[PDB]
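For reference, the structure discussed in these notes is given below.
What follows draws every value from the coordinates through simple rules; no lab data is involved. Because the Cβ atoms are built from the backbone with ideal geometry, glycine has one as well, and the counts that use them run over all protein chains shown.
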Ligand SMILES: O=C(O)c1cccnc1
Ligand SMILES: O=C(O)c1cccnc1
Ligand SMILES: O=C(O)c1cccnc1
Ligand SMILES: O=C(O)c1cccnc1
């Protein structure tokens with residue numbers, strides 16, 4: 001069993017200068033104790049939009065389709081409120097038949113701009129997948145931008161390599177972070 | 001058995017004016033005879049780059065990773081030449097374990113800017129999938145842009161709805177057309 005080292009390595013998508021400003025946040029929110037047979041990754045996406053514009057989208061646990069690809073539908077409770085412990089039933093059209101992903105809201109901090117979720121059921125999902133997303137505001141000479149960090153820990157399926165597990169999960173997260181950046185940059189350019 | 005109607009409907013991503021200029025091309029290259037249990041779709045993507053810049057990328061049958069997502073690797077023959085009938089073995093990391101997709105080059109027309117392929121083997125692939133991609137140059141008041149059309153026909157898996165089959169395939173094609181547009185627009189902005 002070891003502690004992940006995401007705070008010691010510049011993630012793809014981030015400059016070293018930005019990283020040095022985020023060291024304590026990555027230590028606090030994007031560190032995991034991982035066992036053999038588990039892997040973990042940290043991904044970053046720069047967004048030319050204000051933090052609260054990005055956070056308003058990121059934080060909608062009931063509307064993953066607004067920032068993620070391959071979401072056919074998402075159902076929550078009749079009296080769903082945005083509280084830790086809530087679940088969502090996502091139908092993912094990344095293959096046929098569409099898969100069910102039952103996901104738990106693990107963290108929601110509107111002050112610190114932190115959220116995260118765990119896959120707790122469904123079919124054809126990653127085993128023991130948990131992720132955390134944080135949103136960070138940057139300024140330089142009056143210019144403003146945002147950095148989104150997203151990390152996960154996941155079990156490596158027996159019969160699969162850690163290399164492929166990481167390649168799959170990284171590709172999904174990165175593509176969704178790119179959708180997040182497009183959606184929020186459009187809102188920023190337009191509103 | 002019917003003939004598809006893609007030439008009578010403006011596809012998503014295309015203006016009616018552009019469509020009226022492409023009617024004969026869609027009839028020629030993007031029409032299929034479909035049987036019950038089959039479905040077909042036409043997708044469009046506008047690209048702010050010259051046709052030959054787009055075609056140079058689109059036409060590389062041996063390098064799908066340059067315009068498509070979730071491609072872990074692509075292997076061709078030792079003396080692979082870009083000829084109809086050639087095959088490629090693509091490793092697709094859209095899930096675990098990665099899938100093998102064996103694909104046949106069906107069409108390659110460098111004059112008309114037409115290509116297409118068929119899935120002829122592998123695992124966890126669509127059954128009877130065939131697609132055709134065409135690239136078209138547009139001009140207006142000196143300004144130049146490109147339109148890429150991509151259509152497919154595919155079998156609807158027994159147990160799946162045509163709605164979900166079309167949603168899956170459309171999402172993949174559209175996302176890859178978006179990567180094509182980013183890659184070629186970057187080349188255009190830079191070269
Ligand atoms: O199987 C594929 O080709 C595929 C599945 C999901 C996402 N992208 C590609
Ligand atoms: O965030 C997701 O939904 C996700 C991320 C990685 C892999 N599979 C799903
Ligand atoms: O299973 C998923 O969440 C998934 C798989 C491929 C592509 N996008 C998402
Ligand atoms: O072009 C592809 O590789 C493709 C398109 C739709 C569905 N699956 C794969």
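Hey, could you check the range B:96-144 for residues that are surrounded by 18 or more Cβ atoms within 10 Å (Cβ to Cβ), away from ligand 4 (no atom under 11 Å from the Cβ) and within 14 Å of chain A (Cβ to nearest Cβ) and say which is nearest to the chain's Cα centre (by Cα)?
For the range B:96-144, the residue satisfying everything is B:98.
Over 13 Å from residue B:149 (Cα atoms) and free of Cβ contacts under 8 Å to residues at least 24 places away in the same chain: does that describe residue B:28? Steps first, please.
Working: over 13 Å from residue B:149 (Cα atoms): no; free of Cβ contacts under 8 Å to residues at least 24 places away in the same chain: yes.
For residue B:28, the condition - over 13 Å from residue B:149 (Cα atoms) and free of Cβ contacts under 8 Å to residues at least 24 places away in the same chain - is not met.
Does residue A:154 meet the test of being in contact with a helix residue (DSSP H, G or I) (Cβ under 7 Å, 6 or more places away or on another chain), without any contact (Cβ under 8 Å) to a residue 40 or more places away in the chain and in a strand (DSSP E or B)?
Numbers: in contact with a helix residue (DSSP H, G or I) (Cβ under 7 Å, 6 or more places away or on another chain): yes; without any contact (Cβ under 8 Å) to a residue 40 or more places away in the chain: no; in a strand (DSSP E or B): yes.
For residue A:154, the condition - in contact with a helix residue (DSSP H, G or I) (Cβ under 7 Å, 6 or more places away or on another chain), without any contact (Cβ under 8 Å) to a residue 40 or more places away in the chain and in a strand (DSSP E or B) - is not met.
Given the structure, is residue B:73 within 26 Å of residue A:163 (Cα to Cα), more than 16 Å from ligand 3 (Cβ to nearest atom) and within 14 Å of chain A (Cβ to nearest Cβ)?
Working: within 26 Å of residue A:163 (Cα to Cα): yes; more than 16 Å from ligand 3 (Cβ to nearest atom): yes; within 14 Å of chain A (Cβ to nearest Cβ): yes.
Spelling it out, residue B:73 is indeed within 26 Å of residue A:163 (Cα to Cα), more than 16 Å from ligand 3 (Cβ to nearest atom) and within 14 Å of chain A (Cβ to nearest Cβ).
Have a look at A:95, A:137, A:116, A:77 and point out the one that is assigned to a loop (DSSP other than H, G, I, E, B) and over 30 Å from residue B:156 (Cα atoms). Please lay out each step first, then the result.
Numbers: A:95 fails: over 30 Å from residue B:156 (Cα atoms); A:137 fails: assigned to a loop (DSSP other than H, G, I, E, B); A:116 fails: assigned to a loop (DSSP other than H, G, I, E, B).
Only one candidate qualifies: A:77.
What are the residues in the range B:50-70 that are away from ligand 3 (no atom under 16 Å from the Cβ), buried (at least 16 other Cβ atoms within 10 Å of the Cβ) and in a loop (DSSP other than H, G, I, E, B), if any?
Once the filter is applied, which keeps residues that are away from ligand 3 (no atom under 16 Å from the Cβ), buried (at least 16 other Cβ atoms within 10 Å of the Cβ) and in a loop (DSSP other than H, G, I, E, B), the range B:50-70 yields B:50, B:59, B:61, B:62, B:67.
Hey, could you check the range A:76-95 for residues that are out of contact with any strand residue (DSSP E or B) (no Cβ under 7 Å at 6 or more places or on another chain) and within 14 Å of chain B (Cβ to nearest Cβ) and say which is farthest from residue A:24 (Cα to Cα)?
The residue in question is A:95.
So, residue A:156, is that one surrounded by 14 or more Cβ atoms within 10 Å (Cβ to Cβ) and in contact with a strand residue (DSSP E or B) (Cβ under 8 Å, 6 or more places away or on another chain) or not? Give the steps one after another, and end with the answer.
Details: surrounded by 14 or more Cβ atoms within 10 Å (Cβ to Cβ): yes; in contact with a strand residue (DSSP E or B) (Cβ under 8 Å, 6 or more places away or on another chain): yes.
So residue A:156 passes the test.
Can you name every residue in the range A:90-121 that is over 22 Å from residue A:177 (Cβ atoms), in contact (Cβ under 8 Å) with a residue 12 or more places away in the chain and away from ligand 1 (no atom under 16 Å from the Cβ)? Show your work before the answer.
Residues of the range A:90-121 that are over 22 Å from residue A:177 (Cβ atoms), as a first pass: A:96-98, A:100, A:102, A:111, A:120-121.
Subset that is in contact (Cβ under 8 Å) with a residue 12 or more places away in the chain: A:98, A:100, A:102, A:120-121.
Scanning the range A:90-121 gives A:100, A:102, A:120, A:121.
Quick check: anything in the range A:165-183 more than 14 Å from chain B (Cβ to nearest Cβ) and within 19 Å of residue A:64 (Cα to Cα)?
Yes; the residues of the range A:165-183 include at least one that is more than 14 Å from chain B (Cβ to nearest Cβ) and within 19 Å of residue A:64 (Cα to Cα).
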